[PDB]
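Written out below as structure tokens is the structure these notes cover.
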Amino acid sequence: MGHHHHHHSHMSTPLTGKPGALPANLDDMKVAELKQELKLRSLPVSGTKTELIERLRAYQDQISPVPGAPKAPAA
């Protein structure tokens, strides 16, 4: 005699609330903030303020060479 029973359920719908293009106020922020954005994206936090800013743009240019848009016909 044992606990013989079977039943399982689950559901999950794709929601909205989405990012996209990088912050255009990189120059307006602090060097530390740029180094923060870099480290989280596996980027080196070495160079000067302008270097870090343009390195963020260079990263974007690789992962998505567009002005901020989904690289596929979808949401």
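Chains: A, B, ... in order of the structure tokens. Residues: from 1 per chain. Ligands: from 1, in order shown.
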
Taking only C-alpha atoms into account, produce a table as CSV in which each residue of region 53-72 of chain A with an atom at most 9 Å from an atom of region 3-23 of chain A appears once, together with its shortest atom pair and the distance in Å to one decimal, ordered by chain and rising number.
```
residue,atom,partner,partner_atom,distance
A:56,CA,A:22,CA,8.0
A:57,CA,A:22,CA,7.9
A:60,CA,A:22,CA,7.7
A:66,CA,A:21,CA,8.9
A:67,CA,A:21,CA,7.1
A:68,CA,A:21,CA,4.5
A:69,CA,A:20,CA,6.9
A:70,CA,A:20,CA,8.1
```

Just want the 12 Å neighbourhood of residue 46 (chain A), counted on only C-alpha atoms, with same-chain residues fewer than 6 positions away dropped. Output as a ChimeraX atom specification.
/A:31-32,34-36,38-39,52-53,55

Selected residues written out with C-alpha atoms, as a tab-separated table (two decimals), in the first residue's frame:
```tsv
chain	number	residue	atom	x	y	z
A	31	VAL	CA	32.76	58.01	-14.17
A	32	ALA	CA	31.75	55.47	-11.49
A	34	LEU	CA	29.95	54.26	-16.43
A	35	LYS	CA	32.26	51.75	-14.72
A	36	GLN	CA	29.11	50.22	-13.16
A	38	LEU	CA	30.63	48.32	-17.99
A	39	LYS	CA	31.30	45.74	-15.22
A	52	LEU	CA	33.98	54.14	-21.01
A	53	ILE	CA	31.05	55.99	-22.67
A	55	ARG	CA	32.90	51.42	-25.00
```

Would you list, as a ChimeraX atom specification, the residues of chain A that end up in alpha helix (DSSP H) under DSSP run on this structure's backbone?
/A:31-40,49-63

Once you have the residues from the selection above, write them out as a JSON list (two decimals), in the first residue's frame, restricted to N, CA, C and O atoms.
```
[["chain", "number", "residue", "atom", "x", "y", "z"],
["A", 31, "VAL", "N", 31.86, 59.06, -13.66],
["A", 31, "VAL", "CA", 32.76, 58.01, -14.17],
["A", 31, "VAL", "C", 32.43, 56.65, -13.53],
["A", 31, "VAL", "O", 32.42, 55.62, -14.21],
["A", 32, "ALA", "N", 32.14, 56.68, -12.23],
["A", 32, "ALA", "CA", 31.75, 55.47, -11.49],
["A", 32, "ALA", "C", 30.52, 54.79, -12.11],
["A", 32, "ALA", "O", 30.49, 53.57, -12.25],
["A", 33, "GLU", "N", 29.51, 55.58, -12.47],
["A", 33, "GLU", "CA", 28.28, 55.05, -13.07],
["A", 33, "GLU", "C", 28.60, 54.31, -14.38],
["A", 33, "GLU", "O", 28.05, 53.24, -14.66],
["A", 34, "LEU", "N", 29.50, 54.89, -15.18],
["A", 34, "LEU", "CA", 29.95, 54.26, -16.43],
["A", 34, "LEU", "C", 30.67, 52.94, -16.15],
["A", 34, "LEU", "O", 30.42, 51.93, -16.80],
["A", 35, "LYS", "N", 31.56, 52.96, -15.15],
["A", 35, "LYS", "CA", 32.26, 51.75, -14.72],
["A", 35, "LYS", "C", 31.27, 50.68, -14.22],
["A", 35, "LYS", "O", 31.48, 49.48, -14.41],
["A", 36, "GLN", "N", 30.18, 51.12, -13.60],
["A", 36, "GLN", "CA", 29.11, 50.22, -13.16],
["A", 36, "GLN", "C", 28.42, 49.55, -14.36],
["A", 36, "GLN", "O", 28.27, 48.32, -14.40],
["A", 37, "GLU", "N", 28.02, 50.35, -15.34],
["A", 37, "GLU", "CA", 27.41, 49.84, -16.57],
["A", 37, "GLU", "C", 28.34, 48.86, -17.31],
["A", 37, "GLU", "O", 27.90, 47.85, -17.85],
["A", 38, "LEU", "N", 29.64, 49.18, -17.34],
["A", 38, "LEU", "CA", 30.63, 48.32, -17.99],
["A", 38, "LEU", "C", 30.76, 46.96, -17.28],
["A", 38, "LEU", "O", 30.60, 45.91, -17.91],
["A", 39, "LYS", "N", 31.05, 46.98, -15.97],
["A", 39, "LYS", "CA", 31.30, 45.74, -15.22],
["A", 39, "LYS", "C", 30.12, 44.74, -15.34],
["A", 39, "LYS", "O", 30.34, 43.54, -15.50],
["A", 40, "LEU", "N", 28.89, 45.25, -15.29],
["A", 40, "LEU", "CA", 27.70, 44.40, -15.38],
["A", 40, "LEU", "C", 27.57, 43.74, -16.76],
["A", 40, "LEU", "O", 26.92, 42.70, -16.91],
["A", 49, "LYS", "N", 36.66, 58.72, -18.90],
["A", 49, "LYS", "CA", 35.20, 58.88, -18.99],
["A", 49, "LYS", "C", 34.68, 58.66, -20.43],
["A", 49, "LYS", "O", 33.79, 57.84, -20.66],
["A", 50, "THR", "N", 35.26, 59.39, -21.39],
["A", 50, "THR", "CA", 34.87, 59.27, -22.80],
["A", 50, "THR", "C", 35.07, 57.83, -23.32],
["A", 50, "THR", "O", 34.22, 57.29, -24.02],
["A", 51, "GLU", "N", 36.21, 57.23, -22.97],
["A", 51, "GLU", "CA", 36.51, 55.85, -23.33],
["A", 51, "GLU", "C", 35.38, 54.91, -22.88],
["A", 51, "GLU", "O", 34.80, 54.18, -23.69],
["A", 52, "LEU", "N", 35.04, 54.98, -21.59],
["A", 52, "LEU", "CA", 33.98, 54.14, -21.01],
["A", 52, "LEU", "C", 32.64, 54.36, -21.74],
["A", 52, "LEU", "O", 31.96, 53.40, -22.11],
["A", 53, "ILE", "N", 32.28, 55.63, -21.94],
["A", 53, "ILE", "CA", 31.05, 55.99, -22.67],
["A", 53, "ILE", "C", 30.99, 55.33, -24.05],
["A", 53, "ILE", "O", 30.01, 54.66, -24.41],
["A", 54, "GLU", "N", 32.05, 55.52, -24.84],
["A", 54, "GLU", "CA", 32.10, 54.98, -26.19],
["A", 54, "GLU", "C", 32.25, 53.45, -26.20],
["A", 54, "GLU", "O", 31.85, 52.79, -27.16],
["A", 55, "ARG", "N", 32.80, 52.88, -25.13],
["A", 55, "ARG", "CA", 32.90, 51.42, -25.00],
["A", 55, "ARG", "C", 31.50, 50.81, -24.82],
["A", 55, "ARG", "O", 31.21, 49.73, -25.33],
["A", 56, "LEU", "N", 30.63, 51.52, -24.09],
["A", 56, "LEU", "CA", 29.22, 51.13, -23.97],
["A", 56, "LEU", "C", 28.53, 51.15, -25.34],
["A", 56, "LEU", "O", 27.80, 50.22, -25.69],
["A", 57, "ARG", "N", 28.78, 52.20, -26.12],
["A", 57, "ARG", "CA", 28.24, 52.30, -27.49],
["A", 57, "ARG", "C", 28.79, 51.17, -28.38],
["A", 57, "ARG", "O", 28.05, 50.57, -29.16],
["A", 58, "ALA", "N", 30.08, 50.89, -28.26],
["A", 58, "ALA", "CA", 30.73, 49.81, -29.02],
["A", 58, "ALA", "C", 30.12, 48.44, -28.68],
["A", 58, "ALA", "O", 29.94, 47.59, -29.55],
["A", 59, "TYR", "N", 29.81, 48.23, -27.40],
["A", 59, "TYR", "CA", 29.15, 47.00, -26.95],
["A", 59, "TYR", "C", 27.75, 46.88, -27.59],
["A", 59, "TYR", "O", 27.38, 45.82, -28.11],
["A", 60, "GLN", "N", 26.99, 47.97, -27.54],
["A", 60, "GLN", "CA", 25.67, 48.02, -28.18],
["A", 60, "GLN", "C", 25.77, 47.74, -29.69],
["A", 60, "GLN", "O", 25.00, 46.95, -30.24],
["A", 61, "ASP", "N", 26.76, 48.35, -30.34],
["A", 61, "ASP", "CA", 26.96, 48.21, -31.78],
["A", 61, "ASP", "C", 27.20, 46.73, -32.18],
["A", 61, "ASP", "O", 26.98, 46.34, -33.33],
["A", 62, "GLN", "N", 27.65, 45.93, -31.22],
["A", 62, "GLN", "CA", 27.89, 44.50, -31.45],
["A", 62, "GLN", "C", 26.62, 43.66, -31.18],
["A", 62, "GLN", "O", 26.19, 42.87, -32.02],
["A", 63, "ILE", "N", 26.03, 43.84, -30.00],
["A", 63, "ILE", "CA", 24.84, 43.07, -29.60],
["A", 63, "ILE", "C", 23.58, 43.51, -30.36],
["A", 63, "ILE", "O", 22.61, 42.75, -30.47]]
```

Expressed in Å to a single decimal, how great is the separation between CA of residue 24 (chain A) and CA of residue 41 (chain A)?
17.0 Å
